[PDB]
Amino acid sequence: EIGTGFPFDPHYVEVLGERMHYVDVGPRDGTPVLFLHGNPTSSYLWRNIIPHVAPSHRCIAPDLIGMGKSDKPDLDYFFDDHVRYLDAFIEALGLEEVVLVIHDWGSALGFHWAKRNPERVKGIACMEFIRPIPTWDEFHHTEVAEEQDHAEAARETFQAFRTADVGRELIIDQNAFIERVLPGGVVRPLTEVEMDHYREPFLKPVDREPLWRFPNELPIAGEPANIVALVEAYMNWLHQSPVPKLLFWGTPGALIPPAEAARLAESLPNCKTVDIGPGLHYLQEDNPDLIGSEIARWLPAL
């Protein structure tokens with residue numbers, strides 16, 4: 001998506017005693033849309049999708065704590081830390097019912113906030129989201145042959161992130177997530193302005209900590225027992241939830257290759273899928289016009 005700039009109004013609310021940047025655009029009612037980014041992104045991630053929606057809805061796009069232009073409170077950045085800071089923000093913005101547009105680790109928070117706040121979620125638009133990974137032969141799974149190689153590489157890649165010192169060398173000293181994994185996850189080439197934008201919140205290896213904690217929070221193998229249980233928990237909720245669902249996909253996909261999205265087209269009730277064409281993991285950067293066109297369209301009848 002040609003869209004290279006981030007012209008939004010520089011808003012900042014305070015949360016559990018801490019500043020959080022966010023994007024607020026749109027009429028300023030109906031039912032607000034929350035765009036929750038994952039790792040290792042920020043509001044910059046939703047920047048060309050949101051304009052499709054603002055014409056009709058209020059688009060809010062928080063920058064996770066320790067992430068983006070938010071504040072870097074000094075903490076480990078587990079998953080509950082983020083759970084906490086959102087929940088405080090949401091109340092801070094005093095927003096009542098929402099529609100949710102949620103990405104990678106942004107969907108873990110999204111689905112978790114919804115499973116705890118069912119009658120507050122008016123709809124769920126999602127794409128490459130975090131669900132339970134029983135084993136590794138299951139991570140980045142695929143039943144297309146020509147791609148069995150790529151899933152292995154990735155499997156090994158996340159392998160390293162989760163191991164004693166190499167997680168920290170790679171992700172932290174060498175900024176693996178920003179410098180290789182991100183641009184990795186987008187099919188087309190990523191301009192330097194686009195990179196600088198993603199790089200910016202991150203010029204200090206001492207700060208890369210969250211882009212490290214996330215990989216190790218990943219519910220792979222029943223590790224860590226705790227996150228796992230809440231992902232089994234909201235995927236169980238989701239699987240049973242009437243809330244209308246919008247799930248976007250891409251070939252070869254990543255966390256959700258085409259096989260699953262097709263499965264999830266029936267596995268999840270009241271669920272339309274949309275094919276964004278060639279894409280990897282960071283779909284927002286491959287075909288963001290469509291993603292917004294179809295959010296725009298999917299909303300009114302909610």
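Note: ideal-geometry Cβ built from the backbone for every residue, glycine included; neighbour counts use all protein chains shown. All of the numbers you see were taken from the coordinates with simple rules; none came from a lab.
Quick look at the values:
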quantity: Every residue from segment 187-201 that is in contact with a helix residue (DSSP H, G or I) (Cβ under 7 Å, 6 or more places away or on another chain), of a type outside the set (A, V, I, L, M) and touching a residue at least 40 places away in the same chain (Cβ under 8 Å); calculated: 197, 198
quantity: Pair list, Cβ under 6 Å, 6 or more apart: segment 253-278 residue closer than 20 Å to residue 100 by Cα, other residue part of a strand (DSSP E or B) and polar (S, T, N, Q); calculated: 261/273; 265/273
quantity: Scope segment 66-100; condition without any contact (Cβ under 8 Å) to a residue 60 or more places away in the chain and either in a helix (DSSP H, G or I) or hydrophobic (A, V, I, L, M, F, W, C) (or both); matching residues; calculated: 75, 80, 81, 82, 83, 86, 87, 90, 91
quantity: Segment 77-136, residues that are within 23 Å of residue 296 (Cα to Cα) and β-branched (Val, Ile, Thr); calculated: 90, 98, 99, 101, 102, 121, 124
quantity: Residues located in segment 53-65, provided they are part of a loop (DSSP other than H, G, I, E, B), surrounded by 24 or more Cβ atoms within 10 Å (Cβ to Cβ) and hydrophobic (A, V, I, L, M, F, W, C); calculated: 61, 64, 65
quantity: Selected residue [small (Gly, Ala, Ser) and closer than 30 Å to residue 1 by Cα] from 221, 154, 160, 229; calculated: 154
quantity: Tally of residues being among the aliphatic types (A, V, I, L, M), surrounded by 13 or more Cβ atoms within 10 Å (Cβ to Cβ) and assigned to a loop (DSSP other than H, G, I, E, B) across segment 118-166; calculated: 3
quantity: Members of segment 245-302 found to be loosely packed, with under 15 Cβ neighbours inside 10 Å and not charged (D, E, K, R), listed by number; calculated: 259, 262, 265, 267, 269, 270, 277, 278, 300, 301, 302
quantity: Matching option when the condition is within 18 Å of the chain's Cα centre (by Cα) and surrounded by fewer than 19 Cβ atoms within 10 Å (Cβ to Cβ), among 226, 216; calculated: 216
quantity: Residues of segment 224-245 classified as in contact (Cβ under 8 Å) with a residue 12 or more places away in the chain and closer than 18 Å to residue 139 by Cβ, total; calculated: 5
